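Below, in structure tokens: the form deposited in one PDB entry, a single chain.
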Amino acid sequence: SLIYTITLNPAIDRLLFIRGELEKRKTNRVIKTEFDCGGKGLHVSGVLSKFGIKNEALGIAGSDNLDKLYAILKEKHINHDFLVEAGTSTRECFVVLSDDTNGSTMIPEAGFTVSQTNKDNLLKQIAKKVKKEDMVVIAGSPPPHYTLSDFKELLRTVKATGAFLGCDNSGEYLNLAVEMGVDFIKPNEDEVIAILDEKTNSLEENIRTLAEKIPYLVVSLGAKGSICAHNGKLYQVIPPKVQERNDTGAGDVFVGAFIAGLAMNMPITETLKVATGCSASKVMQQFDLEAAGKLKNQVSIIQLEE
């Protein structure tokens, strides 16, 4: 079996290193510029590759700066079969950071217009490639003009293959994934409440209720870690304390590692520890697989009763 990631709105992350903090209405001279692949789906492929788990990245990229994107991807050991949109360039996401601080400022470009031809080619790729024993992870918001309706088609096309389907989306797109009946999502507290539009039951009760539709539900609780519902049981994951260097792409590393865990047929509890371990290891970073291995064995998991 193989894992497929779907990045509907990939990007080329241009990291701009400055001195000190980013002061607005001032000149912030760039000390150095680094490049990285953008798009949640691609980040997931990156983590899975680091784990040595075979995967293939799918999505739509612009023709005009394709060589640049492809060069970065190889460098990150990411196998792909991207669709190419003629007459456009993949969007750039400017990430302002500094060796002197612990945060990052994001100024992402919107994304281009995907032709119906390419939306259709994506659906066809899924039908031709995805088998019942595979896993498909759609992560990241769609580009402009890729509608909720287009998303429905994408989700149903994956479902029709019988494969495991995980979604790391937001807003209306996340709500749609829940209505469509996916196998995995990683919403936060607020999103769980918004999906159910339930304001009077405990959060734990909201989670057990949503778990009736999502087999692998992981709700992030910011710094307190998270709560996971699976096979009728609820787990409270408490991450170890780490000094937080940059808490940005921690969510993508979690998903990548969580999926990795399942791919390696690890028990749910072990999977949660690995996922949380990698994420914490990423937090303390502007994600050492060795450090993640150690942090994993520092994560505590409490089942919660009833």
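Numbers for residues come from their place in the sequence shown, where the first is 1. Think of the rigid core as the biggest set of C-alphas that the two forms share within 1.5 Å after superposition.
The segment from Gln298 to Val299 is modelled without interruption, since every residue of the deposited sequence in that interval carries coordinates. Mean CA B-factor, 246 to 254 versus 270 to 278: the higher value falls on 246 to 254. Between the stretches 111 to 119 and 67 to 75, it is 67 to 75 that shows the larger average CA temperature factor.
Per the PDB entry, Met106 shows the highest C-alpha temperature factor of the residues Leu176, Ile214, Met106, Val130. Of the candidates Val237, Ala61, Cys37, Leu58, it is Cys37 whose Cα B-factor is highest according to the PDB record. Placement of the Cα temperature factor of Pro187 within the chain: lowest third of the modelled residues, per the deposited record. Placement of the Cα temperature factor of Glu172 within the chain: middle third of the modelled residues, per the deposited record. When the modelled residues of the chain are ordered by their C-alpha B factor, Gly222 lands in the highest third.
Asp197: CA B factor lies in the middle third for its chain, per the PDB record. Sorting the modelled residues of the chain by their CA temperature factor places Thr147 in the middle third.
Beyond the structure shown, there is the form solved in complex with a small molecule, which is absent from this document and is the topic of what follows.
Residue contact check for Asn28: none of its heavy atoms lie within 4.5 Å of the small molecule in the deposited complex. Residue contact with the small molecule in the deposited complex: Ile72 places no heavy atom within 4.5 Å of it. Contact check for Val283: a non-hydrogen atom falls within 4.5 Å of the small molecule in the deposited complex. With a 4.5 Å cutoff on heavy atoms, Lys186 counts as touching the small molecule in the deposited complex.
Residue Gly249 is the only one of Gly46, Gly261, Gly62, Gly249 with a heavy atom lying within 4.5 Å of the small molecule in the deposited complex. Shown alone, this chain has one stretch from 249 to 257, 262 to 270, 64 to 72, 51 to 59 that lies within 4.5 Å of the small molecule in the deposited complex by heavy atoms: 249 to 257.
In the overlay on the core between this form and the one not shown, a shift of 2 Å or more in CA position is seen for a single residue of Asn79, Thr147, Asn201, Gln116, which is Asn201. With the core held fixed, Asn188 shows a CA shift of 2 Å or greater between this form and the one not shown.
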